[PDB]
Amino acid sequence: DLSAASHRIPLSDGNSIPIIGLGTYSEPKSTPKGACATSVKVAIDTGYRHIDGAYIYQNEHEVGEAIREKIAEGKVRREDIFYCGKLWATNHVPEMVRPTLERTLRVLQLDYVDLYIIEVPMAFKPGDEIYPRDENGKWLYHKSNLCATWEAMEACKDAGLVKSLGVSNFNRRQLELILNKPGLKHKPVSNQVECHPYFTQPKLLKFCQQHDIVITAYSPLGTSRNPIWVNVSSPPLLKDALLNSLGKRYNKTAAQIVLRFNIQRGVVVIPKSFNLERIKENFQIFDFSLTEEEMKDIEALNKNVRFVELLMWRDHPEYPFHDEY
(Lines of atoms letter the chains of each structure in order from A and count residues from 1; the text may use other names and numbers.)
(Lines give C-alpha, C1' and ligand atoms only; values in the text may rest on other atoms or scores of the structure.)
Protein backbone atom coordinates (compact mmCIF):
# COMPACT_ATOMS: atom_id res chain seq x y z
CA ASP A 1 0.00 0.00 0.00
CA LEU A 2 2.79 2.40 0.98
CA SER A 3 5.15 3.36 -1.85
CA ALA A 4 8.04 5.77 -2.37
CA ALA A 5 5.78 7.99 -4.46
CA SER A 6 2.78 7.73 -2.11
CA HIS A 7 3.03 7.04 1.62
CA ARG A 8 0.80 9.58 3.36
CA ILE A 9 -1.43 8.31 6.16
CA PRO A 10 -4.65 9.98 7.40
CA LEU A 11 -4.83 12.29 10.41
CA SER A 12 -8.12 12.64 12.33
CA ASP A 13 -8.71 16.20 11.07
CA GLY A 14 -8.93 15.22 7.41
CA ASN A 15 -5.29 16.02 6.68
CA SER A 16 -2.54 13.47 5.99
CA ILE A 17 1.09 12.96 7.00
CA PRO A 18 3.98 11.30 5.08
CA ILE A 19 4.87 8.15 7.03
CA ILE A 20 8.56 8.98 6.80
CA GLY A 21 10.13 12.38 7.32
CA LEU A 22 13.57 13.92 7.78
CA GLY A 23 14.52 14.83 11.33
CA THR A 24 16.64 17.97 11.51
CA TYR A 25 18.07 18.23 14.99
CA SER A 26 21.85 18.47 15.02
CA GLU A 27 24.30 19.58 17.73
CA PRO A 28 24.88 23.31 16.99
CA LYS A 29 28.61 23.36 17.84
CA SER A 30 29.54 20.29 15.78
CA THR A 31 27.42 20.94 12.68
CA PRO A 32 28.60 22.93 9.64
CA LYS A 33 26.37 25.84 8.66
CA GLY A 34 24.25 25.00 5.63
CA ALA A 35 24.31 21.26 6.45
CA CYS A 36 20.62 21.20 7.39
CA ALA A 37 19.65 23.13 4.23
CA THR A 38 21.67 20.79 2.00
CA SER A 39 20.18 17.71 3.66
CA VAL A 40 16.60 18.95 3.44
CA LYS A 41 17.23 19.61 -0.25
CA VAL A 42 18.74 16.14 -0.74
CA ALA A 43 15.89 14.58 1.23
CA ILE A 44 13.29 16.23 -1.02
CA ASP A 45 15.15 15.14 -4.18
CA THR A 46 15.27 11.60 -2.78
CA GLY A 47 11.53 11.56 -2.17
CA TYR A 48 10.95 12.81 1.37
CA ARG A 49 7.87 15.02 1.60
CA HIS A 50 7.90 15.44 5.38
CA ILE A 51 10.44 17.49 7.36
CA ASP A 52 10.50 17.63 11.18
CA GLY A 53 12.13 20.61 12.84
CA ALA A 54 11.93 23.14 15.65
CA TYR A 55 12.92 26.74 16.24
CA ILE A 56 15.12 25.68 19.17
CA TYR A 57 17.17 23.45 16.85
CA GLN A 58 18.62 26.79 15.68
CA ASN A 59 18.43 25.84 11.99
CA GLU A 60 14.79 26.52 11.18
CA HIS A 61 15.95 29.23 8.77
CA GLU A 62 17.97 26.60 6.87
CA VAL A 63 14.91 24.35 6.69
CA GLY A 64 12.88 27.17 5.19
CA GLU A 65 15.65 28.04 2.73
CA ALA A 66 15.63 24.49 1.39
CA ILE A 67 11.86 24.08 1.16
CA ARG A 68 11.47 27.42 -0.58
CA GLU A 69 14.20 26.64 -3.11
CA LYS A 70 12.60 23.29 -3.92
CA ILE A 71 9.24 25.03 -4.33
CA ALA A 72 10.87 27.81 -6.33
CA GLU A 73 12.32 25.41 -8.89
CA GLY A 74 9.07 23.47 -9.13
CA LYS A 75 10.32 20.24 -7.55
CA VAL A 76 7.29 20.39 -5.26
CA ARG A 77 4.37 22.69 -4.52
CA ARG A 78 3.90 24.00 -0.96
CA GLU A 79 0.97 21.58 -0.57
CA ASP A 80 3.22 18.57 -1.29
CA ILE A 81 5.49 19.46 1.63
CA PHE A 82 4.69 18.61 5.24
CA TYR A 83 6.59 20.62 7.85
CA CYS A 84 6.26 20.12 11.58
CA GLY A 85 7.31 22.86 14.01
CA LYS A 86 7.34 22.81 17.84
CA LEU A 87 6.34 25.08 20.76
CA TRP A 88 9.09 24.99 23.42
CA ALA A 89 8.59 25.00 27.21
CA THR A 90 9.37 28.70 27.66
CA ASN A 91 6.54 29.66 25.29
CA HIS A 92 3.53 27.98 26.91
CA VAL A 93 1.93 31.13 28.32
CA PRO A 94 -1.27 31.45 26.21
CA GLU A 95 -0.43 34.98 25.07
CA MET A 96 2.92 33.79 23.75
CA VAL A 97 1.73 30.80 21.70
CA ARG A 98 0.67 32.69 18.57
CA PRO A 99 3.64 35.11 18.60
CA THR A 100 5.88 32.05 18.94
CA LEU A 101 4.31 30.31 15.93
CA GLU A 102 4.47 33.53 13.93
CA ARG A 103 8.19 33.81 14.63
CA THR A 104 8.66 30.35 13.11
CA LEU A 105 6.59 31.23 10.04
CA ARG A 106 8.81 34.31 9.66
CA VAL A 107 11.97 32.21 10.09
CA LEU A 108 10.75 29.69 7.50
CA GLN A 109 9.28 32.51 5.41
CA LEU A 110 6.16 30.37 4.88
CA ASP A 111 2.44 31.19 5.38
CA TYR A 112 1.74 28.19 7.62
CA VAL A 113 3.19 24.97 9.02
CA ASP A 114 1.52 21.61 8.46
CA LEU A 115 1.81 20.48 12.08
CA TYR A 116 2.54 22.51 15.22
CA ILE A 117 3.03 20.64 18.49
CA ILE A 118 3.67 21.32 22.15
CA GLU A 119 7.34 20.26 22.33
CA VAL A 120 7.15 19.01 25.94
CA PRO A 121 4.35 19.05 28.54
CA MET A 122 6.57 20.97 30.98
CA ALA A 123 6.42 24.75 31.18
CA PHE A 124 9.60 26.73 31.90
CA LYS A 125 10.20 30.35 32.92
CA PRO A 126 9.14 32.66 30.03
CA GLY A 127 12.03 34.65 28.56
CA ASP A 128 14.99 34.71 26.17
CA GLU A 129 16.94 31.73 27.46
CA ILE A 130 15.40 28.41 26.46
CA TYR A 131 16.88 26.80 29.59
CA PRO A 132 15.95 29.02 32.61
CA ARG A 133 17.97 28.64 35.83
CA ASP A 134 19.03 30.84 38.75
CA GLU A 135 22.61 31.43 39.92
CA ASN A 136 22.46 28.10 41.76
CA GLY A 137 21.63 26.17 38.61
CA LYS A 138 18.11 25.45 39.84
CA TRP A 139 15.87 25.15 36.80
CA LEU A 140 13.25 27.88 36.69
CA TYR A 141 9.92 26.13 36.18
CA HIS A 142 6.54 27.68 35.44
CA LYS A 143 3.11 26.36 36.39
CA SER A 144 1.79 24.40 33.44
CA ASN A 145 -1.77 24.82 32.19
CA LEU A 146 -1.88 22.52 29.16
CA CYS A 147 -5.60 23.19 28.68
CA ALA A 148 -5.01 26.93 28.37
CA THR A 149 -1.95 26.42 26.15
CA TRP A 150 -3.99 24.14 23.91
CA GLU A 151 -6.81 26.66 23.48
CA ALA A 152 -4.20 29.09 22.18
CA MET A 153 -2.88 26.46 19.75
CA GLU A 154 -6.49 26.03 18.61
CA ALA A 155 -6.77 29.76 17.91
CA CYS A 156 -3.69 29.43 15.69
CA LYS A 157 -5.36 26.78 13.56
CA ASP A 158 -8.52 28.92 13.44
CA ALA A 159 -6.41 31.76 12.00
CA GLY A 160 -5.08 29.47 9.28
CA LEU A 161 -1.47 29.55 10.52
CA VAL A 162 -1.32 25.76 10.87
CA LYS A 163 -3.21 22.80 9.40
CA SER A 164 -2.86 20.29 12.25
CA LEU A 165 -2.22 20.45 15.99
CA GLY A 166 -0.37 17.89 18.09
CA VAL A 167 1.83 17.20 21.09
CA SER A 168 5.20 15.66 21.95
CA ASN A 169 6.45 13.77 25.01
CA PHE A 170 2.90 13.52 26.43
CA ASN A 171 1.90 10.57 28.63
CA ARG A 172 -1.65 9.15 28.79
CA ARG A 173 -2.66 11.52 31.60
CA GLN A 174 -1.53 14.66 29.79
CA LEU A 175 -3.28 13.46 26.63
CA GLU A 176 -6.52 12.84 28.52
CA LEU A 177 -6.28 16.28 30.11
CA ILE A 178 -6.72 17.65 26.58
CA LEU A 179 -9.00 14.99 25.07
CA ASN A 180 -11.50 15.58 27.90
CA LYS A 181 -11.22 19.36 27.93
CA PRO A 182 -14.63 21.08 28.05
CA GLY A 183 -15.42 22.59 24.67
CA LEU A 184 -12.46 20.97 22.91
CA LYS A 185 -12.32 22.33 19.34
CA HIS A 186 -9.34 20.62 17.75
CA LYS A 187 -8.14 17.30 19.16
CA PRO A 188 -4.43 16.52 18.96
CA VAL A 189 -3.89 14.41 15.82
CA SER A 190 -0.35 13.37 16.73
CA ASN A 191 1.95 12.62 19.67
CA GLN A 192 5.66 12.60 18.82
CA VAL A 193 7.55 10.32 21.20
CA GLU A 194 10.70 8.17 21.35
CA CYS A 195 9.96 4.91 19.55
CA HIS A 196 12.11 2.07 18.22
CA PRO A 197 12.68 -1.68 18.86
CA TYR A 198 14.25 -0.91 22.25
CA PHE A 199 11.29 1.25 23.31
CA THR A 200 8.21 0.11 21.42
CA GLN A 201 5.62 2.23 23.26
CA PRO A 202 3.10 -0.67 23.32
CA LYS A 203 0.53 0.87 25.71
CA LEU A 204 0.87 4.48 24.59
CA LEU A 205 0.49 3.36 20.99
CA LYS A 206 -2.72 1.48 21.82
CA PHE A 207 -4.08 4.47 23.72
CA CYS A 208 -3.34 6.83 20.83
CA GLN A 209 -4.79 4.52 18.18
CA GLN A 210 -7.87 4.28 20.42
CA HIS A 211 -8.30 8.05 20.14
CA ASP A 212 -7.23 8.26 16.48
CA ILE A 213 -3.92 9.85 17.47
CA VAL A 214 -1.03 8.92 15.18
CA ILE A 215 2.31 8.33 16.84
CA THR A 216 5.44 9.93 15.41
CA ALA A 217 8.53 8.01 16.42
CA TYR A 218 11.34 10.44 17.14
CA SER A 219 14.88 9.05 17.52
CA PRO A 220 13.59 6.10 15.42
CA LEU A 221 17.18 4.91 14.96
CA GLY A 222 18.03 5.10 18.67
CA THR A 223 19.63 8.58 18.72
CA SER A 224 23.14 9.76 17.91
CA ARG A 225 24.01 8.52 21.40
CA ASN A 226 25.40 11.88 22.53
CA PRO A 227 26.29 11.33 26.24
CA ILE A 228 25.42 14.94 27.11
CA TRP A 229 21.75 13.93 27.09
CA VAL A 230 21.55 10.35 25.85
CA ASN A 231 21.28 7.45 28.29
CA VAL A 232 23.89 5.08 26.86
CA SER A 233 22.85 2.26 29.20
CA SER A 234 21.56 0.23 26.26
CA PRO A 235 23.97 -0.98 23.53
CA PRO A 236 23.70 0.67 20.09
CA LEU A 237 20.32 -0.19 18.55
CA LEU A 238 21.81 -0.49 15.07
CA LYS A 239 24.35 -3.04 16.32
CA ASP A 240 21.56 -5.33 17.53
CA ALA A 241 21.98 -9.00 16.62
CA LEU A 242 18.46 -9.72 15.38
CA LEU A 243 18.09 -6.42 13.53
CA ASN A 244 21.31 -7.03 11.59
CA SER A 245 20.37 -10.67 10.99
CA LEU A 246 17.03 -9.69 9.45
CA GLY A 247 18.86 -7.06 7.41
CA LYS A 248 20.89 -9.78 5.71
CA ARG A 249 17.69 -11.64 4.83
CA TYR A 250 16.41 -8.60 2.91
CA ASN A 251 19.82 -7.19 1.97
CA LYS A 252 18.96 -4.14 4.10
CA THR A 253 20.77 -2.39 6.95
CA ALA A 254 19.53 -2.57 10.54
CA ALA A 255 18.48 1.05 10.16
CA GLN A 256 16.21 0.19 7.24
CA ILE A 257 14.85 -2.73 9.24
CA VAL A 258 13.93 -0.58 12.26
CA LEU A 259 12.40 2.14 10.07
CA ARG A 260 10.32 -0.42 8.15
CA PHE A 261 9.27 -1.96 11.47
CA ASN A 262 7.53 1.23 12.62
CA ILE A 263 5.91 2.38 9.37
CA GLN A 264 4.51 -1.12 8.84
CA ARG A 265 2.71 -0.76 12.18
CA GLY A 266 1.36 2.67 11.18
CA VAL A 267 3.95 4.70 13.11
CA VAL A 268 5.48 7.76 11.44
CA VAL A 269 9.29 7.78 11.45
CA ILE A 270 11.48 10.89 11.27
CA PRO A 271 15.10 9.64 11.12
CA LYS A 272 17.71 12.37 11.07
CA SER A 273 20.73 12.31 8.79
CA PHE A 274 22.85 15.04 7.24
CA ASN A 275 24.82 12.45 5.26
CA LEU A 276 24.07 12.09 1.54
CA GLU A 277 24.17 8.29 1.53
CA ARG A 278 22.35 7.67 4.78
CA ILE A 279 19.56 10.11 3.86
CA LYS A 280 18.93 7.93 0.79
CA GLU A 281 19.36 4.66 2.69
CA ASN A 282 16.68 5.54 5.24
CA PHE A 283 14.17 6.26 2.45
CA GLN A 284 14.54 2.83 0.81
CA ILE A 285 11.93 1.07 2.95
CA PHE A 286 9.04 0.61 0.51
CA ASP A 287 10.46 -2.23 -1.58
CA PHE A 288 10.14 -4.93 1.10
CA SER A 289 8.01 -5.83 4.12
CA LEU A 290 8.52 -7.77 7.33
CA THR A 291 6.59 -10.96 8.03
CA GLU A 292 4.18 -11.14 10.96
CA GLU A 293 6.72 -13.35 12.74
CA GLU A 294 9.60 -10.93 12.16
CA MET A 295 7.39 -8.03 13.27
CA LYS A 296 6.75 -9.98 16.47
CA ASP A 297 10.41 -10.86 17.02
CA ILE A 298 11.40 -7.24 16.48
CA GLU A 299 8.73 -5.93 18.83
CA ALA A 300 9.98 -8.52 21.34
CA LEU A 301 13.21 -6.52 21.44
CA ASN A 302 11.60 -3.86 23.64
CA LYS A 303 13.59 -3.08 26.80
CA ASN A 304 11.40 -0.38 28.36
CA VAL A 305 14.52 1.76 28.57
CA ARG A 306 14.55 5.22 27.03
CA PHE A 307 17.56 6.73 25.27
CA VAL A 308 15.95 10.08 26.05
CA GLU A 309 15.15 10.32 29.76
CA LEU A 310 15.55 14.08 30.30
CA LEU A 311 16.40 13.32 33.93
CA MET A 312 17.38 16.93 34.65
CA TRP A 313 13.67 17.76 34.64
CA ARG A 314 12.33 14.71 36.50
CA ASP A 315 11.33 17.03 39.36
CA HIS A 316 9.06 19.15 37.16
CA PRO A 317 5.33 18.60 37.87
CA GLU A 318 4.69 17.76 34.23
CA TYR A 319 7.62 15.36 33.81
CA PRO A 320 6.04 12.74 31.52
CA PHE A 321 8.19 9.70 32.26
CA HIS A 322 7.23 8.74 35.83
CA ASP A 323 3.95 7.14 34.77
CA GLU A 324 4.04 3.71 33.13
CA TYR A 325 2.89 5.50 29.98
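Start at 1 with the first residue shown and count on from there. Whichever C-alpha set is largest while still superposing within 1.5 Å between the two forms counts as the rigid core.
Quick one: with the core lined up, is it 145 to 153 or 127 to 135 that wanders further in 4 other deposited structures of this protein, going by C-alpha RMS?
Larger mean C-alpha displacement, comparing 145 to 153 and 127 to 135 in 4 other deposited structures of this protein, is found in 127 to 135.
Relative to the presented form, and with the rigid core used for superposition, do the C-alpha atoms of 224 to 232 or of 78 to 86 deviate more in 4 other deposited structures of this protein?
Higher average C-alpha offset in 4 other deposited structures of this protein goes to 224 to 232.
With respect to the recorded C-alpha B factors, which stretch has the higher mean value, 134 to 142 or 185 to 193?
Going by the record's values, the stretch with the higher mean is 134 to 142.
Looking at the entry, does 54 to 62 or 25 to 33 show the higher mean C-alpha B-factor?
Taking the mean C-alpha B-factor of 54 to 62 and of 25 to 33, the larger value falls to 25 to 33.
Per the entry's Cα B factor values, which of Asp111, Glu119, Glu151, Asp212 stands out as the maximum?
It is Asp212.
For the CA B factor values reported in this entry, which option in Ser164, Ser219, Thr216, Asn180 has the top one?
Spelled out: the listed residue with the top C-alpha B-factor is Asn180.
Could you look up the Cα B-factor of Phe170 in the entry and say which third of the chain it sits in: lowest, middle or highest?
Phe170: CA B-factor falls in the middle third of its chain.
Ranking the modelled residues of this chain by C-alpha B-factor as given in the entry, is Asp80 in the lowest, middle or highest third?
Answer is middle: the recorded C-alpha B-factor places it there.
Hey, what third does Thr291 fall into on Cα B-factor, ranked over its chain?
Highest third, going by the recorded CA B-factors of the chain.
Report the third (lowest, middle or highest) to which the CA temperature factor of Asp128 belongs, ranking only the modelled residues of the same chain.
It belongs to the highest third of the chain when residues are ordered by C-alpha B-factor.
Ranking the modelled residues of this chain by C-alpha B-factor as given in the entry, is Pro99 in the lowest, middle or highest third?
Lowest third - that is where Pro99 ends up once the chain's C-alpha B-factors are sorted.
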